[PDB]
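Single-structure report; data block below.
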Amino acid sequence: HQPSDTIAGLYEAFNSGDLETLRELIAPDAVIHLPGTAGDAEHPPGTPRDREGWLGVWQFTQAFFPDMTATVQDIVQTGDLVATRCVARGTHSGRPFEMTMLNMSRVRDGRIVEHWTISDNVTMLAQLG
Amino acid sequence: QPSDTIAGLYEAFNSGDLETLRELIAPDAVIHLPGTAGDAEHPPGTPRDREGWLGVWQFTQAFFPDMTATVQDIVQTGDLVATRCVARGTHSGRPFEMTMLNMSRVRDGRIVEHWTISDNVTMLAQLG
């Protein structure tokens, strides 16, 4: 049950802003598949990122939603593959939101080497307005 | 096995096989669809039942008649199955390829709870 621990560790490290642990748990050359909403001028939607590209998107999001946290609700593991359902919880200027995240991660030697994630942004925006 | 149920589900969606869909999904299943699937009568975040889900799926099928969903990775622990799928098609001459992530609870060979989200923004970027 090591890969499951890696992924649990990841979301805790994101919540705490723990860069050292994030960089331990994600390989520098990991293949990160972010959703189309995270696409920009340099990465069109569908283009994979590396670790530091992912951590860059995370930091941008955190600037807008400084109290946003992810809690793991369900986790399943088979071999080196871990899938998770999380709930992202925060407030936008005093109005609380609650958004589902679904993730799939490949772990090798206790490091994430591939990751897919999508968030239910439309539901979050419905809650805020 | 629960893995077999979920593999059967996506095959049944691809084939348009309503009979098998209704066998594999309990009528009272709790279906958590993304906010894009919300409307005037069912606000974003409100769970649906099977027939509500199959209603949204029929609209989606009618809109992208050549779309297929292929299970790429499947993980199982107990009664919980997660899948990564790729939805593929060609919409009016433009090919598209979009990730779907799903999580399903299976009991007695039927889906009783389901969460799904699809990377719609990437799909729309590929078409326009």
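We name chains A, B, ... following the order of the structure tokens; residues begin at 1 in each chain, and ligands are numbered from 1 as shown.
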Just list as a PDB file with N, CA and C atoms, in the first residue's frame whatever in region 27-124 of chain A DSSP marks as strand (DSSP E).
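Below is the file that was written, part-v3.pdb:
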```
ATOM      1  N   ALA A  27       8.353  13.213  -9.498  1.00  0.00           N
ATOM      2  CA  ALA A  27       9.593  13.220 -10.293  1.00  0.00           C
ATOM      3  C   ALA A  27       9.631  14.478 -11.152  1.00  0.00           C
ATOM      4  N   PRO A  28      10.820  15.098 -11.322  1.00  0.00           N
ATOM      5  CA  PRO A  28      10.923  16.313 -12.153  1.00  0.00           C
ATOM      6  C   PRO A  28      10.377  16.170 -13.565  1.00  0.00           C
ATOM      7  N   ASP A  29      10.570  14.988 -14.140  1.00  0.00           N
ATOM      8  CA  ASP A  29      10.143  14.672 -15.502  1.00  0.00           C
ATOM      9  C   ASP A  29       8.805  13.926 -15.543  1.00  0.00           C
ATOM     10  N   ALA A  30       8.028  13.973 -14.461  1.00  0.00           N
ATOM     11  CA  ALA A  30       6.705  13.344 -14.449  1.00  0.00           C
ATOM     12  C   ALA A  30       5.852  13.929 -15.566  1.00  0.00           C
ATOM     13  N   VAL A  31       4.961  13.124 -16.126  1.00  0.00           N
ATOM     14  CA  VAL A  31       4.058  13.566 -17.195  1.00  0.00           C
ATOM     15  C   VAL A  31       2.696  13.949 -16.592  1.00  0.00           C
ATOM     16  N   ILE A  32       2.406  15.249 -16.560  1.00  0.00           N
ATOM     17  CA  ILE A  32       1.209  15.760 -15.894  1.00  0.00           C
ATOM     18  C   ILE A  32       0.171  16.211 -16.921  1.00  0.00           C
ATOM     19  N   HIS A  33      -0.949  15.500 -16.948  1.00  0.00           N
ATOM     20  CA  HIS A  33      -2.050  15.812 -17.843  1.00  0.00           C
ATOM     21  C   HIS A  33      -3.071  16.676 -17.106  1.00  0.00           C
ATOM     22  N   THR A  69      -8.316  23.947  -0.176  1.00  0.00           N
ATOM     23  CA  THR A  69      -7.683  22.716   0.264  1.00  0.00           C
ATOM     24  C   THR A  69      -8.365  21.526  -0.396  1.00  0.00           C
ATOM     25  N   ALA A  70      -7.625  20.426  -0.560  1.00  0.00           N
ATOM     26  CA  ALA A  70      -8.146  19.186  -1.113  1.00  0.00           C
ATOM     27  C   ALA A  70      -8.171  18.113  -0.031  1.00  0.00           C
ATOM     28  N   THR A  71      -9.317  17.442   0.117  1.00  0.00           N
ATOM     29  CA  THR A  71      -9.450  16.314   1.013  1.00  0.00           C
ATOM     30  C   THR A  71      -9.775  15.036   0.235  1.00  0.00           C
ATOM     31  N   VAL A  72      -9.029  13.968   0.492  1.00  0.00           N
ATOM     32  CA  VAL A  72      -9.233  12.693  -0.202  1.00  0.00           C
ATOM     33  C   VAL A  72     -10.482  12.001   0.355  1.00  0.00           C
ATOM     34  N   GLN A  73     -11.459  11.750  -0.503  1.00  0.00           N
ATOM     35  CA  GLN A  73     -12.746  11.121  -0.115  1.00  0.00           C
ATOM     36  C   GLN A  73     -12.769   9.613  -0.406  1.00  0.00           C
ATOM     37  N   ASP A  74     -12.178   9.221  -1.530  1.00  0.00           N
ATOM     38  CA  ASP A  74     -12.030   7.826  -1.930  1.00  0.00           C
ATOM     39  C   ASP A  74     -10.673   7.635  -2.612  1.00  0.00           C
ATOM     40  N   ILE A  75     -10.090   6.460  -2.417  1.00  0.00           N
ATOM     41  CA  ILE A  75      -8.829   6.100  -3.018  1.00  0.00           C
ATOM     42  C   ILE A  75      -8.906   4.631  -3.423  1.00  0.00           C
ATOM     43  N   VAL A  76      -8.442   4.309  -4.624  1.00  0.00           N
ATOM     44  CA  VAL A  76      -8.345   2.924  -5.074  1.00  0.00           C
ATOM     45  C   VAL A  76      -6.960   2.716  -5.654  1.00  0.00           C
ATOM     46  N   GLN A  77      -6.402   1.531  -5.408  1.00  0.00           N
ATOM     47  CA  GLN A  77      -5.062   1.184  -5.860  1.00  0.00           C
ATOM     48  C   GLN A  77      -5.062  -0.209  -6.492  1.00  0.00           C
ATOM     49  N   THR A  78      -4.358  -0.325  -7.613  1.00  0.00           N
ATOM     50  CA  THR A  78      -4.074  -1.611  -8.253  1.00  0.00           C
ATOM     51  C   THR A  78      -2.685  -1.453  -8.847  1.00  0.00           C
ATOM     52  N   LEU A  81      -0.795   2.068 -10.005  1.00  0.00           N
ATOM     53  CA  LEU A  81      -1.809   3.042 -10.375  1.00  0.00           C
ATOM     54  C   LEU A  81      -2.733   3.331  -9.189  1.00  0.00           C
ATOM     55  N   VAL A  82      -2.910   4.621  -8.876  1.00  0.00           N
ATOM     56  CA  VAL A  82      -3.799   5.076  -7.789  1.00  0.00           C
ATOM     57  C   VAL A  82      -4.802   6.076  -8.356  1.00  0.00           C
ATOM     58  N   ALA A  83      -6.085   5.833  -8.132  1.00  0.00           N
ATOM     59  CA  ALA A  83      -7.110   6.802  -8.496  1.00  0.00           C
ATOM     60  C   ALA A  83      -7.690   7.364  -7.216  1.00  0.00           C
ATOM     61  N   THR A  84      -7.996   8.659  -7.241  1.00  0.00           N
ATOM     62  CA  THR A  84      -8.546   9.358  -6.074  1.00  0.00           C
ATOM     63  C   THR A  84      -9.698  10.261  -6.465  1.00  0.00           C
ATOM     64  N   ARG A  85     -10.693  10.332  -5.583  1.00  0.00           N
ATOM     65  CA  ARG A  85     -11.702  11.371  -5.615  1.00  0.00           C
ATOM     66  C   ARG A  85     -11.415  12.285  -4.440  1.00  0.00           C
ATOM     67  N   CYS A  86     -11.249  13.573  -4.712  1.00  0.00           N
ATOM     68  CA  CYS A  86     -11.056  14.569  -3.666  1.00  0.00           C
ATOM     69  C   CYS A  86     -12.160  15.598  -3.737  1.00  0.00           C
ATOM     70  N   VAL A  87     -12.306  16.351  -2.653  1.00  0.00           N
ATOM     71  CA  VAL A  87     -13.171  17.531  -2.632  1.00  0.00           C
ATOM     72  C   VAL A  87     -12.280  18.731  -2.350  1.00  0.00           C
ATOM     73  N   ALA A  88     -12.342  19.716  -3.239  1.00  0.00           N
ATOM     74  CA  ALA A  88     -11.623  20.956  -3.060  1.00  0.00           C
ATOM     75  C   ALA A  88     -12.588  21.917  -2.368  1.00  0.00           C
ATOM     76  N   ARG A  89     -12.168  22.446  -1.220  1.00  0.00           N
ATOM     77  CA  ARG A  89     -13.008  23.311  -0.389  1.00  0.00           C
ATOM     78  C   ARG A  89     -12.291  24.619  -0.149  1.00  0.00           C
ATOM     79  N   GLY A  90     -13.020  25.717  -0.332  1.00  0.00           N
ATOM     80  CA  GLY A  90     -12.505  27.039  -0.046  1.00  0.00           C
ATOM     81  C   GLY A  90     -13.618  28.057   0.098  1.00  0.00           C
ATOM     82  N   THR A  91     -13.223  29.322   0.174  1.00  0.00           N
ATOM     83  CA  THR A  91     -14.144  30.439   0.062  1.00  0.00           C
ATOM     84  C   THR A  91     -13.671  31.407  -0.993  1.00  0.00           C
ATOM     85  N   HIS A  92     -14.599  31.962  -1.778  1.00  0.00           N
ATOM     86  CA  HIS A  92     -14.297  33.165  -2.557  1.00  0.00           C
ATOM     87  C   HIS A  92     -14.941  34.351  -1.848  1.00  0.00           C
ATOM     88  N   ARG A  95     -17.763  33.540   0.562  1.00  0.00           N
ATOM     89  CA  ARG A  95     -18.758  32.586   0.063  1.00  0.00           C
ATOM     90  C   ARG A  95     -18.091  31.207  -0.148  1.00  0.00           C
ATOM     91  N   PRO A  96     -18.555  30.173   0.589  1.00  0.00           N
ATOM     92  CA  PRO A  96     -17.895  28.883   0.544  1.00  0.00           C
ATOM     93  C   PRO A  96     -18.224  28.091  -0.727  1.00  0.00           C
ATOM     94  N   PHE A  97     -17.246  27.333  -1.228  1.00  0.00           N
ATOM     95  CA  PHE A  97     -17.454  26.401  -2.344  1.00  0.00           C
ATOM     96  C   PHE A  97     -16.900  24.997  -2.060  1.00  0.00           C
ATOM     97  N   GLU A  98     -17.395  24.037  -2.840  1.00  0.00           N
ATOM     98  CA  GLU A  98     -17.114  22.629  -2.653  1.00  0.00           C
ATOM     99  C   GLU A  98     -17.156  21.956  -4.033  1.00  0.00           C
ATOM    100  N   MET A  99     -16.004  21.497  -4.509  1.00  0.00           N
ATOM    101  CA  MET A  99     -15.845  21.038  -5.890  1.00  0.00           C
ATOM    102  C   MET A  99     -15.174  19.664  -5.940  1.00  0.00           C
ATOM    103  N   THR A 100     -15.731  18.757  -6.739  1.00  0.00           N
ATOM    104  CA  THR A 100     -15.140  17.426  -6.903  1.00  0.00           C
ATOM    105  C   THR A 100     -13.885  17.485  -7.794  1.00  0.00           C
ATOM    106  N   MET A 101     -12.865  16.731  -7.403  1.00  0.00           N
ATOM    107  CA  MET A 101     -11.683  16.472  -8.221  1.00  0.00           C
ATOM    108  C   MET A 101     -11.550  14.964  -8.397  1.00  0.00           C
ATOM    109  N   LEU A 102     -11.297  14.535  -9.625  1.00  0.00           N
ATOM    110  CA  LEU A 102     -10.960  13.145  -9.903  1.00  0.00           C
ATOM    111  C   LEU A 102      -9.561  13.126 -10.466  1.00  0.00           C
ATOM    112  N   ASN A 103      -8.753  12.192  -9.963  1.00  0.00           N
ATOM    113  CA  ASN A 103      -7.340  12.110 -10.297  1.00  0.00           C
ATOM    114  C   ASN A 103      -6.949  10.652 -10.508  1.00  0.00           C
ATOM    115  N   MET A 104      -5.947  10.447 -11.351  1.00  0.00           N
ATOM    116  CA  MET A 104      -5.342   9.142 -11.564  1.00  0.00           C
ATOM    117  C   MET A 104      -3.842   9.361 -11.646  1.00  0.00           C
ATOM    118  N   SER A 105      -3.092   8.555 -10.907  1.00  0.00           N
ATOM    119  CA  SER A 105      -1.661   8.756 -10.759  1.00  0.00           C
ATOM    120  C   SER A 105      -0.901   7.429 -10.886  1.00  0.00           C
ATOM    121  N   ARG A 106       0.232   7.460 -11.576  1.00  0.00           N
ATOM    122  CA  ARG A 106       1.144   6.321 -11.598  1.00  0.00           C
ATOM    123  C   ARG A 106       2.319   6.661 -10.696  1.00  0.00           C
ATOM    124  N   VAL A 107       2.628   5.762  -9.764  1.00  0.00           N
ATOM    125  CA  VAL A 107       3.716   5.948  -8.804  1.00  0.00           C
ATOM    126  C   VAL A 107       4.794   4.877  -9.026  1.00  0.00           C
ATOM    127  N   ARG A 108       6.063   5.280  -9.034  1.00  0.00           N
ATOM    128  CA  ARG A 108       7.192   4.351  -9.179  1.00  0.00           C
ATOM    129  C   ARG A 108       8.264   4.779  -8.178  1.00  0.00           C
ATOM    130  N   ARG A 111       7.484   7.878  -6.095  1.00  0.00           N
ATOM    131  CA  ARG A 111       7.315   9.162  -6.766  1.00  0.00           C
ATOM    132  C   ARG A 111       6.264   9.082  -7.851  1.00  0.00           C
ATOM    133  N   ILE A 112       5.467  10.137  -7.975  1.00  0.00           N
ATOM    134  CA  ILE A 112       4.526  10.276  -9.083  1.00  0.00           C
ATOM    135  C   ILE A 112       5.319  10.449 -10.381  1.00  0.00           C
ATOM    136  N   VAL A 113       5.039   9.593 -11.361  1.00  0.00           N
ATOM    137  CA  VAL A 113       5.644   9.691 -12.699  1.00  0.00           C
ATOM    138  C   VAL A 113       4.642  10.047 -13.803  1.00  0.00           C
ATOM    139  N   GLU A 114       3.352   9.808 -13.571  1.00  0.00           N
ATOM    140  CA  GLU A 114       2.306  10.274 -14.476  1.00  0.00           C
ATOM    141  C   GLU A 114       1.064  10.596 -13.662  1.00  0.00           C
ATOM    142  N   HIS A 115       0.330  11.620 -14.089  1.00  0.00           N
ATOM    143  CA  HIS A 115      -0.832  12.128 -13.353  1.00  0.00           C
ATOM    144  C   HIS A 115      -1.869  12.701 -14.314  1.00  0.00           C
ATOM    145  N   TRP A 116      -3.128  12.333 -14.094  1.00  0.00           N
ATOM    146  CA  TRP A 116      -4.257  12.929 -14.783  1.00  0.00           C
ATOM    147  C   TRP A 116      -5.166  13.511 -13.704  1.00  0.00           C
ATOM    148  N   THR A 117      -5.683  14.716 -13.930  1.00  0.00           N
ATOM    149  CA  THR A 117      -6.642  15.342 -13.007  1.00  0.00           C
ATOM    150  C   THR A 117      -7.646  16.211 -13.762  1.00  0.00           C
ATOM    151  N   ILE A 118      -8.884  16.220 -13.275  1.00  0.00           N
ATOM    152  CA  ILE A 118      -9.923  17.115 -13.767  1.00  0.00           C
ATOM    153  C   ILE A 118     -10.753  17.557 -12.567  1.00  0.00           C
ATOM    154  N   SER A 119     -11.194  18.808 -12.597  1.00  0.00           N
ATOM    155  CA  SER A 119     -11.982  19.386 -11.537  1.00  0.00           C
ATOM    156  C   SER A 119     -13.324  19.844 -12.073  1.00  0.00           C
TER     157      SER A 119
END
```
Residues of chain B at most 7 Å from chain A: nearest atom pair and distance in Å, only C-alpha atoms, as CSV:
```
residue,atom,partner,partner_atom,distance
B:34,CA,A:120,CA,5.7
B:35,CA,A:123,CA,4.3
B:36,CA,A:122,CA,6.0
B:44,CA,A:123,CA,5.1
B:45,CA,A:123,CA,5.8
B:75,CA,A:78,CA,5.3
B:76,CA,A:76,CA,6.1
B:77,CA,A:76,CA,5.4
B:82,CA,A:83,CA,6.2
B:101,CA,A:102,CA,6.3
B:117,CA,A:118,CA,6.7
B:119,CA,A:35,CA,5.7
B:121,CA,A:36,CA,4.8
B:122,CA,A:36,CA,4.3
B:125,CA,A:45,CA,6.8
```
Generate the output file for the selected residues, N, CA and C atoms, as a short mmCIF file (atom, residue, chain, number, x, y, z; two decimals), in the first residue's frame.
```cif
data_model
loop_
_atom_site.label_atom_id
_atom_site.label_comp_id
_atom_site.auth_asym_id
_atom_site.auth_seq_id
_atom_site.Cartn_x
_atom_site.Cartn_y
_atom_site.Cartn_z
N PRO B 34 -21.02 16.29 -13.69
CA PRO B 34 -20.39 17.59 -13.54
C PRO B 34 -21.34 18.75 -13.82
N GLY B 35 -20.94 19.95 -13.39
CA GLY B 35 -21.77 21.16 -13.50
C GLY B 35 -22.21 21.51 -14.91
N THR B 36 -21.41 21.12 -15.92
CA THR B 36 -21.79 21.28 -17.32
C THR B 36 -23.12 20.56 -17.66
N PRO B 44 -26.37 22.45 -11.00
CA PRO B 44 -25.03 21.89 -10.79
C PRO B 44 -24.77 21.43 -9.35
N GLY B 45 -24.22 20.22 -9.20
CA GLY B 45 -23.99 19.63 -7.89
C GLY B 45 -25.09 18.71 -7.39
N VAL B 75 -8.83 0.63 -12.24
CA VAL B 75 -8.28 0.23 -10.94
C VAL B 75 -9.45 -0.13 -10.04
N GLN B 76 -9.27 -1.19 -9.26
CA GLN B 76 -10.32 -1.73 -8.42
C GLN B 76 -9.77 -2.03 -7.02
N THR B 77 -10.56 -1.68 -6.01
CA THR B 77 -10.31 -2.06 -4.63
C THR B 77 -11.68 -2.25 -4.02
N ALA B 82 -12.30 2.74 -10.37
CA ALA B 82 -12.02 3.99 -11.05
C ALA B 82 -11.54 3.67 -12.45
N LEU B 101 -12.48 10.96 -16.52
CA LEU B 101 -12.17 10.23 -15.31
C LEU B 101 -13.48 9.90 -14.63
N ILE B 117 -16.22 13.16 -14.65
CA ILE B 117 -15.91 14.48 -15.19
C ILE B 117 -15.14 14.27 -16.48
N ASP B 119 -12.94 16.28 -19.78
CA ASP B 119 -12.15 17.47 -20.12
C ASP B 119 -12.74 18.21 -21.34
N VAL B 121 -13.23 21.39 -22.12
CA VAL B 121 -12.52 22.57 -22.65
C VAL B 121 -11.46 22.16 -23.68
N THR B 122 -10.74 21.07 -23.41
CA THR B 122 -9.78 20.51 -24.37
C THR B 122 -10.47 20.04 -25.66
N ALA B 125 -11.47 23.03 -27.68
CA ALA B 125 -10.27 23.62 -28.29
C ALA B 125 -9.91 22.90 -29.60
#
```
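Note that the spacing between CA of residue 19 (chain B) and CA of residue 90 (chain B) amounts to 26.8 Å.
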Problem set entry | Residue with smallest distance to residue 16 (chain B) - pool B:74, B:54, B:98, B:112, counting only C-alpha atoms |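 With only C-alpha atoms as the atom set, the closest residue is B:54.
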